[PDB]
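Report on one structure; see the data block that follows.
Read from first to last, the chains carry the letters A, B, C, D, E, F, G, H and I; within each, the first residue is number 1.
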């Protein structure tokens, strides 16, 4: 019944939801060297 | 609610004025 | 400002500033506005 | 019409309105601001 | 397209460019991007209803009414046909235009 | 001018839809118009006529 | 004008009606910009300015 | 507290957090980076 | 407890019931104040629903269960164009095999705004906070302070008298 504000809206499922719990989900935005 | 409260306030002011009139008649 | 003229990050003063921001932000409904910590700087004056 | 005016660090949205509507809006603006000041609508902490 | 727009706007903000053409191009790209986002936001507002709930709206209206009646505010009337200051407000507006 | 505009007489279903919307969103005809199906000026004139 | 009074509404949300009345003063005798009627009202609430 | 019990709304931001860090959305127009970019450069 | 549909009351029952809920919370002095000036079954159902719990019902709960007839007549009216346009949209728009490529969805995430897929309740409201008590409004009308003496008088200035010759 709660309203979702526009900034709090999520259109897509989380990577764990779409890939399962047995996969290593890496998000490497930033360099390490 | 506002209009009712305005009527009540004006009527209480009328009560004050009429009782002041009664007191000025009583002082005489 | 040159430090010794900035805000000194004492634990109590930092907690007080963040608490004030937290309370004031909770005072406002999120549907019509919000307060961002990146735009807010509560400066505390105390014995420290 | 809508367009943006480049400040090179943020963008200002500029709204272009129709002439006659601009005249009507300006008169309403002046009338409302004059009337409100006479009737003490804004309680002295609003700025500018 | 969006990556180039991001990169060029950051470069413009720092101050590394002096091209008039690049500034105009990037202004156009950002205007388009912002308008896309704003159109989506309006569509979501119609979809998801009024974000301010009924309780919040009722509380806001009630507190404003009580505040206005506490100061005995007299509501602004429609400008009458016989209004003394009509010409003066009109001339002020015309000067500002 | 454009052919998308329905210049025919007002059906009863769109009339009640217009009534309900004009109650829901006071003024705001530019947003009532797409939901009703007519143009904003048509909706405003129809409401005034009613 | 439209923004200036919608933001007067937010002021009453942040301050509350009692503190707003204390700060603004009576309608007939409004307070100064950053001054209070007396020290009793000034020091009765954490919000000073 | 008596000093904060005056106001109308309370706990409006009770259940908010900072940001989805592990989230990587393959949509440059709905990612966090774009939303922050638009909120910064357009005022 | 989410799927439950509101019951379609008649309008004047809805507004009369709605008006009662607002008055019991935001204008508690209204009923008594009516008397000084001079001098339906639905609201009974709402009170009896939680007779054990003295908490008065809220505006949200009333409209989460009770709805008007037009607000329910309009819903079916708008459900027809949605279901009618569904058919309109679907008509307007050894051995070896051949190639297969991807899956087709009529609504894209690139040209049309997508759908949504992501304890959530807060923002309690103080009803008493919405008004000003008459007792308080009396207090913030009484002038009271320490009067500061003027710097000059009729002839001491700053307290020290103006010295004559005599």
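Following the convention adopted for this analysis, a contact is a pair of C-beta atoms (placed from the backbone, for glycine too) under 8 Å apart; a residue touches a chain by one contact, two chains touch by 3 or more.
Touching chain A and chain D at once are the following chains: E, H. Here E-G and A-I were compared by C-beta pairs in contact; the pair with more is A-I.
The centroid of the Cα atoms in chain E and the matching centroid in chain H are 20 Å apart.
Our note on geometry: chain F versus chain I, Cα centroid distance of 28 Å, whole angstroms.
Look at where the CA atoms of chain A average out and do the same for chain E: the two points lie 32 Å apart. Rounded to a whole number, the gap between the C-alpha centres of chain B and chain H is 55 angstrom.
Counting partners per residue, chain G has 13-14, 16-18, 20-21, 27 as the residues that reach two or more other chains. Those residues of chain B in touch with two or more other chains are numbered 5. Taken residue by residue, chain I touches two or more other chains at 27, 60, 109, 120, 123, 125, 129-132, 137, whereas all remaining positions touch fewer.
Those residues of chain E that touch chain I in the complex are listed here as 40, 43-44, 53-56, 58-59, 62-63, 66-67, 70. Every residue of chain I that touches chain A in the complex is listed here, in rising order: 2, 60, 64, 109, 114-118, 120-121. Across the complex, chain I meets chain F through its residues 70, 73-74, 77-78.
On chain D, the positions that touch chain G within their shared complex are 29, 32-33, 36, 40-46.
Residue ranges of chain H in contact with chain I, taken from their complex: 5-15, 27.
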